[PDB]
Every structure is written in structure tokens, then in C-alpha cells.
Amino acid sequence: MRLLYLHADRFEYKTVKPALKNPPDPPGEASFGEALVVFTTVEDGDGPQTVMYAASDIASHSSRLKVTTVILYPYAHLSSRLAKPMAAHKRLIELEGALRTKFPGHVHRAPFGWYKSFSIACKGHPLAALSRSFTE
């Protein structure tokens, strides 16, 4: 699993065209204020332990930043060892569930399988942009 943690003053996205033959999530859009935006690339061989490590770390970092909103944003481009789309969607659903057991704030999982537009006002402070890897 490869993640990019962006501490945003605002974030918003909108699904555009379907990227997969049949996106497993419906289309949509959302916007937010201060949040940790987590761009999330599921890698081959991510499993239950990977998901647990990521959930704990996301919760911890959110705690450090004193953010009370986390956006889980599926992203195919953070690495070159991607899991297949169905396994990736399953892991993202697990990640959302796991995060909710560790982080008391708002958790939004953005839709999987779409091309999406977004904008972000990414803060510029020292912890506003960090990358993470998780394995098992």
C-alpha cells in the first residue's frame, strides 16, 4: 500500500467518466474544509495486516495534525505495483472500516473506479505532505 498524506485547507472532487467497465461505486462529488486527504494506492499483496497498519498510522497522524476529517481517495498512480481493481476496492472498504475503529472524526471514502477532477488547497506547513508505505 502506498499513501500520500496531504493536509488540506479544502478539498473537493467530482467523478467524471467511468475508468473501469463497471465502477463498483456510484458517481458523485463532495467538498470539505480542513482535512487530511489520503491518496491511496492499493498494492498487490496488501492484506488485513496492511490495512490495520495504515488505519493506525492515519489515525495517529491525524491526531498530530489535530484534524477531525480524513478523506480516503483511491489513486492508481502512486506506485507501480498495483493490486487488481476488485481486490483494491475490497481493501479500501476494509481500510475505511478499520480507520473508523481508530480515528474519531469524519471518514469519507471517495468513489472507486472513476476518472475524477479535484482541487486542494494544500497547506504548506512542514507536515502538510508526507508519504507512507505499508506491507505485511
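A residue's number is simply how far along the shown sequence it sits, counting from 1.
Q: Can you tell me which stretch has the higher mean Cα B-factor, 102-110 or 56-64?
A: The stretch with the larger mean CA B-factor is 56-64.
Q: Between 19-27 and 111-119, which has the higher average C-alpha B-factor in the PDB entry?
A: Between 111-119 and 19-27, it is 19-27 that shows the higher mean C-alpha B-factor.
Q: Compare the CA B factors listed in the entry for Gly47, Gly33, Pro74, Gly97 and report the winner.
A: Going by the entry's C-alpha B-factors, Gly33 comes out highest.
Q: For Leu6, return the chain-relative third of its C-alpha B-factor as stated in the PDB record: lowest, middle or highest.
A: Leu6: CA B-factor falls in the middle third of its chain.
Q: Where does the C-alpha B-factor of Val37 rank in its chain, lowest, middle or highest third?
A: Its C-alpha B-factor, which the entry lists for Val37, ranks in the lowest third among residues of this chain.
Q: Is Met86 in the lowest, middle or highest third of its chain when residues are ranked by C-alpha B-factor?
A: It falls in the top third of the chain.
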